[PDB]
């Protein structure tokens, strides 16, 4: 088979960039607009993101028990869940000082990654293959909640994609 290293390198570059943008945008926002008491109330109350229908392992042992195709499929559904909702972070990202943060630029990144994950599942050919991507609901807590969920979901994708890379590519992580 044609070597997969180039595709994994390119898919990982975009996943890391989405993860970095989500983390830095959440941090800036929280530091500027959210006093510590509103933070505690927000974080004490049970962050059930619109993507909670997609089953996402959250510790090392459970994640590594999943197959390559399951981890790519979950990544695919997380990315697709943000294609429409990301336009609701338009004002967040325009007011941001993070270089590269705009909903257009983020939308472009997600679409590019969704097609790369689909090519990777083709090369490596259960409810998770049956279900579809998640749908989002209907101001500053609404933006904070959204940013919280975007950070989380991009975090998952970057991790799940790295795991598949390390197991599928020759000497990618420890040569």
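Numbering follows the first chain given and starts at 1.
Enquirer: If you count the residues of the deposited sequence that sit between residue 138 and residue 139 but have no coordinates, do you get none, 1 to 3, 4 to 9, or 10 or more?
Expert: Per the record, 4 to 9 deposited residues are absent between residue 138 and residue 139.
Enquirer: If the chain runs straight from residue 46 to residue 47, say none; otherwise bin the unmodelled deposited residues as 1 to 3, 4 to 9, or 10 or more.
Expert: Gap size class: 1 to 3 residues without coordinates, per the record.
Enquirer: Hey, which bit's got the bigger mean C-alpha B factor in the entry, 69-77 or 90-98?
Expert: According to the PDB entry, the answer is 90-98.
Enquirer: Can you tell me which stretch has the higher mean Cα B-factor, 35-43 or 105-113?
Expert: Result: 35-43.
Enquirer: In terms of CA temperature factor as recorded, identify the highest of 125, 56, 27, 119.
Expert: Highest C-alpha B-factor among the listed options: 125.
Enquirer: Within this chain, which third does the Cα B-factor at residue 132 fall in: lowest, middle or highest?
Expert: As the PDB entry reports it, the C-alpha B-factor of residue 132 lands in the middle third of its chain.
Enquirer: Among the modelled residues of its chain, does the C-alpha B-factor of residue 63 lie in the lowest, middle or highest third?
Expert: Its C-alpha B-factor, which the entry lists for residue 63, ranks in the lowest third among residues of this chain.
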